[PDB]
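Engineer: The structure's right below; bear with me while I get my questions together.
So basically every Cβ, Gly included, is an ideal-geometry build from the backbone, and we count neighbours across all protein chains shown. Here, each number is a calculation from the coordinates, and none is a lab measurement.
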């Protein structure tokens, strides 16, 4: 009836929205990793040059 | 690049200091030689003044 054509369908919409939200979270955390890893590597290079 | 620039500056400073020391050594040596020559000249002058005292050979 209305229930299996509306409520379950909206829940499937919620599943899809959850999947895309998780994709966004992957993107965001990956970009923050791209920044933080570079930040840590530049210091490693800087100290290596400075010590010598 | 910054590391290279700083290293080049250090090398320049070391080079100039070393050259300065090496050069001034030569000045010291030449000064010593001229001092010895001046001592010899003073010896000769003193002998000439002494012989000037004679009243017959003069």
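Engineer: Give or take rounding to whole Å, what are the principal axis extents of the alpha carbon atoms in chain A, in descending order?
Structural biologist: Over chain A, Cα extents along the principal axes are 77, 7, 6 Å.
Engineer: Could you bin all the Cα-Cα distances of chain B into 10 Å bins starting at 0 and give me the percent of pairs in each, rounded to whole numbers?
Structural biologist: All Cα pairs considered, the percentages come to 19, 19, 17, 14, 11, 9, 6, 3, 1.
Engineer: Semi-axes of the equivalent ellipsoid of the protein assembly as shown: what are they in whole Å, largest first, if each equals the square root of 5 times a C-alpha gyration tensor eigenvalue?
Structural biologist: 101, 7, 6
Engineer: Still on this structure, I have one more. At 7 Å along Cα-to-Cβ for each site, give me the label-to-label distance between residue A:41 and residue B:31 in nm.
Structural biologist: 5.9 nm
Engineer: What angle do you read, to the nearest 10 degrees and between 0 and 90, between the alpha-carbon axis of helix A:2-51 and the longest principal axis of chain A?
Structural biologist: With rounding to tens, the tilt is 0 degrees.
Engineer: Using only Cα atoms, locate the centre of chain A and the centre of chain B, then give the distance between them in Å, rounded to an integer.
Structural biologist: The distance from the Cα centre of chain A to that of chain B comes to 77 Å.
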